[PDB]
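Comments concern the structure below.
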Amino acid sequence: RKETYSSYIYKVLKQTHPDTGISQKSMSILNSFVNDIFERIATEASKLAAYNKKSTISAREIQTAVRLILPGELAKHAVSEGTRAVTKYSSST
Amino acid sequence: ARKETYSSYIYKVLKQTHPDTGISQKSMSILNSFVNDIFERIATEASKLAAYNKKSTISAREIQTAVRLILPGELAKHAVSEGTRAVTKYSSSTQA
Amino acid sequence: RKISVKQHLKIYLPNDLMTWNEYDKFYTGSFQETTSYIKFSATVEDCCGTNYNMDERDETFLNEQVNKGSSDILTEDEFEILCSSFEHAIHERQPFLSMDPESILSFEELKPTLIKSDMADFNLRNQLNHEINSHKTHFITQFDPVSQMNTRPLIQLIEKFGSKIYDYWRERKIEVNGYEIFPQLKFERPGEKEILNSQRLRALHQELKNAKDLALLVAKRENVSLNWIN
Amino acid sequence: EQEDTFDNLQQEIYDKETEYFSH
Amino acid sequence: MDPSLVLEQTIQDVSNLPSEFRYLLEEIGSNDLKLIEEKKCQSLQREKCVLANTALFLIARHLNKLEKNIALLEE
Amino acid sequence: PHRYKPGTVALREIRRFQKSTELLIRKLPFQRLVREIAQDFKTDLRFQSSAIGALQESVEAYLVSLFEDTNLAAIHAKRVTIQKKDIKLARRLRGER
Amino acid sequence: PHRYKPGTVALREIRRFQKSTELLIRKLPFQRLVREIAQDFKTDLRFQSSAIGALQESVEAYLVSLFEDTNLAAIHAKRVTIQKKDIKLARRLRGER
Amino acid sequence: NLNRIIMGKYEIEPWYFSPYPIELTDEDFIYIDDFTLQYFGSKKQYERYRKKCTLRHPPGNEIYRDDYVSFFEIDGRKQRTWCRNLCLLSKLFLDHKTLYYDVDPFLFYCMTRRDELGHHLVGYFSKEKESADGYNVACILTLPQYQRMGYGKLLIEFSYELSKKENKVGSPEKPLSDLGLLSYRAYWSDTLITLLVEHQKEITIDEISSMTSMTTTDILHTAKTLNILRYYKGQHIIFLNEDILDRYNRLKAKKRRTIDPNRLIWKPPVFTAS
Amino acid sequence: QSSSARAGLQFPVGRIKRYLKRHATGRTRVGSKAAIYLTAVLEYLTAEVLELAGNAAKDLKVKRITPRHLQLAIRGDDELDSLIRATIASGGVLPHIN
Amino acid sequence: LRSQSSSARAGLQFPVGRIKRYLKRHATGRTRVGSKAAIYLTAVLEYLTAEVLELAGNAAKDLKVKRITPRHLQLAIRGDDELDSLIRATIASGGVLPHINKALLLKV
Amino acid sequence: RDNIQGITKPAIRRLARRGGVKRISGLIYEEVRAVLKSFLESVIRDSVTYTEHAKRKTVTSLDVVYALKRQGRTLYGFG
Amino acid sequence: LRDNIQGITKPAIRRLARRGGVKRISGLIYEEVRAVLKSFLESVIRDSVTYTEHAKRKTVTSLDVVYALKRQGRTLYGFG
DNA sequence: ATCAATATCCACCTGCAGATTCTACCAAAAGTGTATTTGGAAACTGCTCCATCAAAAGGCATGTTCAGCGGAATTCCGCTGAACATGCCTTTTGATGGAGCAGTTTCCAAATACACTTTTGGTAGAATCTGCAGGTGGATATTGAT
DNA sequence: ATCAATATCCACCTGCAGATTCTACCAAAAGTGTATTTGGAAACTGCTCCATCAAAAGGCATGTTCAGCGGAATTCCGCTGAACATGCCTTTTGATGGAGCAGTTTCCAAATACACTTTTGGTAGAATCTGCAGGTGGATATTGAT
């Protein structure tokens, strides 16, 4: 019993040019990548939700957090597509 | 009008060290920021530790090892020894 | 409150405002010493050989009972080297002489061996002395003290007195069950008191015999001088 | 009449010198 | 049991010996000039010839236990 | 019209300055600067004066670290006169990107 | 025999090994070293070999950081060899505490 | 005790009881041998050695001879009977050493003195044939036949410069016995002023494990029983206080004999088994 | 249909919800934020994968080994600021000849 | 002396329950230890006592009895045990310590 | 508008003698102002983030003290 | 328990400087780079063994050494 | 400007070493409906804490003006780099001996959630001594001209 | 080397804030007694992995050789800088008007907990695939001495 998104990152790899393979220790290195970017945003979520003086785990401070940790233009349009994603989730009404 | 403060306690320990040792409100806020910032950083580190140990009751064992870790062992040893002192005077499940 | 750490500082001045006498008939000698420092690589049981020296008691049947007129000569400092011979001479091959007091082994089966026997390579000069030709007088070591040019050897008195010595070995070694008159130690138990030979070590043995040889020759510098002394 | 082994030994030591501790 | 142990203790009781050897040829080979001007009256033929005999004896004690192991190990 | 060895008052400046601890900058130039460089993220932004002084001593700690850094960098280079690429390598070698 | 210029052969090893990403520190010297640094402070703790490779990469990443910044330190120092007070300066400069 | 000690010039009672009279609780005088120190209990077993002796000191081979005394290592894994006689010499006073094994391995640092008629012994200090602590001195014993001058001191003037060619750390063991402290922490205190009158730059107090070859926190204890440790004015300050102002000059003006570290021919030995 | 299928992303929604569950502290959470918080990792990780393909047109090397994985992960220059704490196992260093 | 305790037992110098909801405001998981989390008192009373005696040290140093910020740090960035434990912790306007490099002065 | 030089040559030499340096390059100025504006823009950017999530058009000290807490030059005193 | 100073290994710098981009070495840095190496490893091993006694664990994991490097300051990748 | 022995690029050829890629399985967190709540959205409003300007003093710009220090050219010389002989220790690749694990059941103080309760810390603030930064004075630490 | 010249060290008056120090109200608890999941030490319990040991080349390593520009530096020439000096910008400390946040009220997506029903991703099994990493043969860079 354990966890990773190995086929999911493979799904990303076939969203681009699918034809490549990946060396199978760099798979652990990219699970390290997704793990530490996730705990980075998780810890930053917890702390900014702490010291914005609220208790519901919320939205717009997570938005600003994942902006402010991240290099700029990719943060900008990546969160733009993320907003496109949450609106296409929710807008399925 | 609503703020958690510390100042009487550290001032009491400062006077029970020496009855004549004055301090400023600037240095008050300074060592205030010192004490709560080190409290939050040992809180974060201990919390992460007891989390990743795959154990659910956050213990004195985890922060005991953590103050052996986060704190250098001269005053960490000082702290653990005073902790033994403290827990022996937590040990009496008594009237005295 | 702390024991400190390193690197620190210092400041010089400022304002933090029955005399003994018996080395005469026992002890003798005089010792020289140079910038050269005196060398040793031997044990002392070599140096005294005989691990035994003894009392008036076992020689009052020897010296002042008889020794006006010993028919063959029986001196004091000869009794030692003869009485030292035989007990070792049954030691490296008979251990079981000790635990059982009814059975110390006797000289009546020790005759044909101990005339030719060896107190651990005893005449060890001769396999070097048979070439070094120093037999015109007797052989002396530096661990030979000055007590023995004036003495006699051993193997010829067994023709003369040899069956009157062990007779007094027997009747005092056993009342502690098997200890010499000077007994050994807290010797028995540590409780309380009271594929290499193919190219390198083929050369094991030569690298001494090629030095066991020319030492005679650099000493043949002086060993040829003993007629320049005449 | 006394030198009959005195007469040769005093160069051969340099040969043994050049034998084993001269490599 | 093995020739290396009896190699090495004959390097370790030889923990004096090449240092003996590099000492030994000097204290006499120094004073071999004394006789060219001796051209005293009891001793030095006897007592100064002692240490040469134990320049001859000092190597000799190394042999009563070793030399049998040359043949008993090659069997 | 008299003067000692030229320069040695800089050690006096060390004495009076590093013995001291106080703030340096005229506050309002720093204030007008930071309002000018707050316009280029969001209009109508106000600021705490205590935070302004925090900004002051923060960049002060930054620069004094840089000064001692470049000092011993130049003095490893058996010289003292510091320059651009000295603080460039001091920047890359302390590490802000 | 033929001898090249001492240093362009080194440029070949530079290209070789910048090109390379092989496993740097040999295993058994490193692992009995981490054995012997382990047994001392408390009871002789067992290991896992992937963590020994983690130690491998840890010390080697530590030193390639130290070697690149001492590289720039030496080459701005107008020598090009490497010595002690640069690494003292670099341990200061990387902030050891 | 048993059978009070007779040798030399002084008359002594044996302080500890009876390791040597396991067989010998049956005689009256105790007479002492010196060079190889093999004694005899009843009388005439001893005095036949004057005609026997050719060895006239403990047969050490020397890195040392001053004008005045002599110093010896003996290789103790080499020696067998005389590696346990000096233990048996040691026990009748000094019982402080560990006898779980009738100790073969451990190494010897022994002292005897130049005379024409004979090397008259003083006693010694030891060393274990392991090395984990640091082992600066293991087991002092001086015999009270020869006790009164700075020769009893000169044992501890000897150990540190063994670690000037061995150059590693030396460390006292848990048998902390008393009266050597009137030497040990006396002499180990004022090694500081040997380094303090020099190095007028900052004192990096690890380097006394390279300068004194001594551990700092112990040597600061004899420095803090000297109380030479002020602080918090902006530094730690070793503080020449002006009580020192005589006592180094006391040892600038009334000095005694020394040695010289050129006079050593000995390689630091590492031994074999494991 | 499902949770992920309404957002149309690839990552499973409930797992990141769970992975924002067990790290959290605050017991209550607008779950629609997960549907972009699912994508909070995503485009950043979809960035780095296809920008690991530079030689991949002209090498015909079908697998991405860990130096090659680094050999244009460093060319994520902007995210070397994110990688300023990074150490890659068997990544190497780019040739920087001064 | 009294049978009612204020958790009056630890040789304590701090209110326990306030720091217990200081634990309960980091509140990631669900279960802590109850009395043995009041080792945070002996955690907290370690280092403040480690500095106030040192801050008692620089009082009669400058013969100066009310104590101010810029020599809190001037001992702290001096204090080898507690510079490094809080180097990144930086203080308001205490400056740094006066150090002159030794290779700079050539007596000129 | 342009006031980057107001932190000036006497000002920067005072805070240079805070670092102590003596043989001052007088070509230092544009780049010491450059690293000045570099550092201040790096800290004011996330101070702006930490005030803009607060729905507050002033900047306090607690938002900016988190803004320097997170990045690696945390500072004390103002909360 | 055979311990001595086997830290005296090798000028492996003569490879690490080829992984380095530096010109000439001329050695002599060896004892102090072993000092900074031993400081680095002693710092990480006190952290690691405090963690493995925090698990009551005799061996070391790789999560231990990952988290140890994380708290001291560098992020090992891919070993848990 | 040129010889010419070393080293690498590029196409062709292969062992094998995992990879992948499903088929199976399985078991299990996940999606989703329902109830309670509840925390945030957010709208109103009060008077802090921002906003802005007028007189001196003081940093400061700007000198002027020589200099300790930079500073490349040139110098010696060194401890090392290339290279080559030879010990010689890792690195296997099995072979094996044994244990401090990582579980899964395991019963059990005890944290932890409920609400009384009597101090008592937070703020709120006034008394009022006094600590002390600084003005003033006295005496002198450090250092120039010839 | 001997006084002028600063410019520092110490110490005695002086007007504050002003810490601080105690009083004071009361809010909000800490600390309390007790019910309860519940997380937890641990005993069992097989074992992976951690070690000792075999054993023999092989790739490195540590030799000594020796020849060498890299560095350490000092030189005579050169200079942007630092140090007492004259005029000035503004900043500093004096001075007044608004929003906004901080709080106080209410209203509902929305979440937890439960209680259900699935897919699908976990292990893992290994057939087939082929990638690629490694080895080998022609054409092309690459430098030291002449």
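Note that each Cβ is placed from the backbone with ideal geometry, even for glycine, and that neighbours are counted across all protein chains shown. Just so it is clear, none of the values below were taken in a lab; they were calculated from the coordinates.
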Given the rule -39500 (n - 2.57) for each run of at least 4 DSSP H residues, summed and divided by the residues of chain L, what is its mean residue ellipticity at 222 nm, to the nearest 500 deg cm²/dmol? -15500 deg cm²/dmol
Whole-number D in µm²/s for the stretch B:1-43 (Stokes-Einstein; Kirkwood sum over Cα pairs; 4 °C, 1.567 mPa s): 114
Once both labels are modelled 7 Å past Cα along the beta-carbon direction, what's the C:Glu22-H:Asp104 spacing in nm? 3.8
Which three extents, in angstrom, do the Cα atoms of chain C have along their principal axes, listed largest first? 96, 59, 55
For chain K, what relative contact order do you get, as a whole percent, if you take Cα pairs closer than 8 Å and at least 6 residues apart? 19
Treating the angle as unsigned and between 0 and 90°, give the value, to the nearest 10°, between the Cα long axis of helix L:63-72 and the longest Cα principal axis of chain L. 60
Identify all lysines with a Cα-Cα distance to E:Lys68 below 16 Å; exclude those on the same chain that are fewer than 8 residues away in sequence. C:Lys209
Inverting the mean 1/r over all pairs of different Cα atoms, compute the Kirkwood radius of the stretch G:6-97 and quote it in Å. 15.8
Antiparallel %, DSSP beta bridges [both residues in the protein assembly as shown], to 5: 60
Within 10 Å of each Cβ in H:261-267, the average number of Cβ atoms from other chains: 1
Pairs over 21 Å Cα to Cα, from G:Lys42/L:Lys58; L:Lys38/L:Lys70; H:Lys9/H:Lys255, come to H:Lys9/H:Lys255
Cα convex hull of the stretch L:13-72: how many Å³ per residue? 106
Per its Cα gyration tensor (rounded if a/c is under 1.5, else prolate when a/b beats b/c, else oblate), the stretch C:93-230 is best filed as oblate
Taking every alpha carbon pair in chain E and sorting the distances into 10 angstrom bins from 0 up to the bin holding the longest one, the percent per bin comes out as 14, 35, 24, 16, 9, 2
Over chain H, what lengths in whole Å, largest first, do the semi-axes of the equivalent ellipsoid take, defined as the square roots of 5 times the eigenvalues of the alpha-carbon gyration tensor? 38, 20, 19
Which residues among the stretch J:75-108 fall inside the zone where the amide N is under 17 Å from a point 7 Å beyond the Cα of K:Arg23, along Cα→Cβ? J:101-108
The rounded separation in angstrom of the Cα centers of the stretch B:52-86 and the stretch E:50-75 is 67
When the Debye formula is applied to the Cα atoms of the stretch J:16-86, each taken as the same point scatterer, what base-10 log of I(q)/I(0) results at q = 0.20, 0.27 Å⁻¹? -0.84, -1.13
When the Cα centres of the stretch H:202-239 and the stretch H:123-200 are compared, how far apart do they sit, in Å? 19
Using a 10 Å cut-off on Cβ to Cβ distances, tally the other chain neighbours for every residue of A:79-86 and report the average as a whole number. 6
I:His96 to J:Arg88: FRET efficiency via 1/(1 + (r/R0)^6), r the Cβ-Cβ distance, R0 30 Å, to the nearest 0.05? 0.55
State whether the stretch H:188-253 is rounded, prolate or oblate according to the following rule on the C-alpha gyration tensor (a ≥ b ≥ c being the square roots of its eigenvalues): a/c under 1.5 gives rounded; otherwise a/b larger than b/c gives prolate, and the remaining case gives oblate. rounded
Length-normalised contact order of chain I in % [C-alpha pairs under 8 Å, at least 6 apart]: 20
Provide a whole-number value for the mean count of partner chain Cβ atoms within 10 Å of the Cβ atoms in peptide A:61-70. 6
Could you state, as a whole-number percent, how many of the C-alpha pairs of the protein assembly as shown are farther apart than 58 Å? 40
Cut-off 16 Å, label 7 Å out along Cα→Cβ of F:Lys84, residues of the stretch K:17-31 by amide N: K:25-31
Pop the C-beta distance of H:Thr194 and L:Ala35 into the FRET formula with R0 = 25 Å and round what comes out to the nearest 0.05. 0.40
Taking the Cα centre of the protein assembly as shown as origin, sum charge times position over the Cβ atoms of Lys and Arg (+1) and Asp and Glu (-1), and report the length of that vector in debye to the nearest 20. 14380
The exposure ranking of G:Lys78, K:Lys9, fewest beta-carbon neighbours within 10 Å first, is G:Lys78, K:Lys9
Cα centroid of the stretch L:26-62 to Cα centroid of the stretch F:26-94, whole Å: 36
When the Kirkwood hydrodynamic radius is evaluated over all pairs of different C-alpha atoms of the stretch H:5-159, what value in angstrom, to one decimal, is obtained? 16.5
Do me a favour and compute the ellipsoid semi-axes for the stretch C:151-230 from its Cα gyration tensor, root of five times each eigenvalue, largest one first, whole Å. 44, 32, 15
If one compares the long axis through the Cα atoms of helix B:25-52 with the longest principal axis of the Cα atoms of chain B, the angle in degrees, nearest 10, works out at 0
Take H:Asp26 and E:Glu26, extend 7 Å from each Cα along the Cα→Cβ direction, and tell me the distance between the two endpoints in nm. 5.3
Please label the shape of the stretch H:127-213 as rounded, prolate or oblate, based on the square roots a ≥ b ≥ c of the eigenvalues of the alpha-carbon gyration tensor (a/c under 1.5 means rounded; beyond that, a/b larger than b/c means prolate, else oblate). oblate
Eligible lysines near H:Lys254 by straight Cα distance, threshold 21 Å, same-chain separation 8 or greater: H:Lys153
In nm, spacing of pseudo-spin labels at G:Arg32 and C:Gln184 (7 Å Cα→C-beta vector): 4.0
